[PDB]
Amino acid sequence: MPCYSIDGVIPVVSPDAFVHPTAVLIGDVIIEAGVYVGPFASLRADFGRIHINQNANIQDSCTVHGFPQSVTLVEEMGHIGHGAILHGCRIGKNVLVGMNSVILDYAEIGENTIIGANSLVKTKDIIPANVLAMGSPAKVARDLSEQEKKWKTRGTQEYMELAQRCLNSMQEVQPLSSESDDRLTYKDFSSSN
């Protein structure tokens, strides 16, 4: 069971979201439809609230937390890369937070923006829409190209389809002990076509 209450406060999870059985949701976490929450994601709403809006994804070993009475918000189609940490911040619609990046309290990321991997967005920093920001600490570098925004959108659509594939077919299994010529492989994923 990935969900835990604290002080009687129970997570809310849309039946149309996928939460991997190894993630942890604590306290006042609200997950909307279409969301993918990956392995070892910790959505810990024991000091404040966390709200993950529709069609967003939270990837592996990501952490979402905040200070007392904070609200940590990931808006629609937010795309939180592996190992990123979101603390008391607002992630705008269709933002990409790069792998292993840290977004600190009261920061806000404007819509469609991309945060590079390994970045740190300082507390209270307001990053505008449609830009690339990177570094540790990060700063705004330039506007995104149209190609970059389409690439980002496609990547989030893959995670929207991933949530459905996982709700449809992910199950615990005993591993095989060797390969074989007849086993299903990554070539049998729909992405192969």
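From 1 onward, residues are counted along the sequence shown.
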property: Greater mean Cα temperature factor according to the PDB record, 184-192 or 3-11; result: 184-192
property: Higher-scoring stretch by recorded Cα B factor average, 50-58 or 143-151; result: 143-151
property: Cα B factor band for residue 25 (lowest, middle or highest third within the chain); result: lowest
property: Cα B factor band for residue 166 (lowest, middle or highest third within the chain); result: highest
property: Entry-reported Cα temperature factor of residue 68, expressed as the chain third it lands in; result: middle
property: Assigned third (lowest, middle, highest) for the C-alpha B factor of residue 43; result: lowest
property: Within-chain third of residue 31 by Cα B-factor, per the entry; result: middle
